[PDB]
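Asks: Let me begin by handing over the structure; questions about it come next.
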Amino acid sequence: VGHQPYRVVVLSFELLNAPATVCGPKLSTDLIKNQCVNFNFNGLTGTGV
Amino acid sequence: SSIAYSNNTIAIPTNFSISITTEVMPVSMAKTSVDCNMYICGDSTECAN
């Protein structure tokens with residue numbers, strides 16, 4: 001098993017304040033305002049109004 | 001300053017003036033208050049736990 005081919009793929013990610021290009025298979029939800037509500041904006045998870 | 005010492009002479013004032021001087025004294029400082037979670041954590045339930 002040591003001397004056997006092993007295909008390798010390395011993924012490198014950039015989490016910058018720039019428009020998102022690759023996203024997970026999550027479903028967007030409607031906007032709720034003026035309520036203390038958990039939110040997830042393009043990976044930014046937080047609690048706020 | 002030149003001060004002359006004499007065994008038989010004394011200097012006495014012949015007039016006077018009224019001097020008003022100011023003295024500034026701090027008496028109190030701003031009263032501050034802090035919150036445990038809103039500072040250390042914010043609104044994160046996991047951080048509060």
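By order of appearance in the structure tokens: chains A, B, ..., then residues from 1 within every chain, and ligands from 1 in the order shown.
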Would you write out, as CSV, a table of all residues in chain A that have an atom no more than 8 Å from an atom of chain B, listing for each the closest atom pair and the distance in Å to one decimal, considering only C-alpha atoms and ordering rows by chain and rising residue number?
Replies:
```
residue,atom,partner,partner_atom,distance
A:46,CA,B:44,CA,7.6
A:47,CA,B:43,CA,5.9
A:48,CA,B:43,CA,7.6
```
Asks: Residues within 9 Å of residue 49 (chain A), please, as a VMD selection string. Count only C-alpha atoms; anything in the same chain fewer than 5 positions from it doesn't count.
Replies: chain A and resid 32 to 38
Asks: In chain B, what's alpha helix (DSSP H) per DSSP? Answer as a PyMOL selection string?
Replies: chain B and resi 36-40+45-48
Asks: Just the strand (DSSP E) stuff from chain A, please, per backbone DSSP, written as a PyMOL selection string.
Replies: chain A and resi 37-41+44-48
Asks: How far is it from CA of residue 10 (chain A) to CA of residue 22 (chain A), in Å with one decimal?
Replies: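 Computing it gives 15.5 Å between the two atoms.
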Asks: I'd like the neighbourhood of residue 48 (chain B) as a list in words, where a residue qualifies if any of its atoms comes within 12 Å (using only C-alpha atoms), though same-chain residues fewer than 6 positions away should be ignored.
Replies: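 My reading of the contact set: residues 36, 37, 38, 39, 40, 41 and 42 of chain B.
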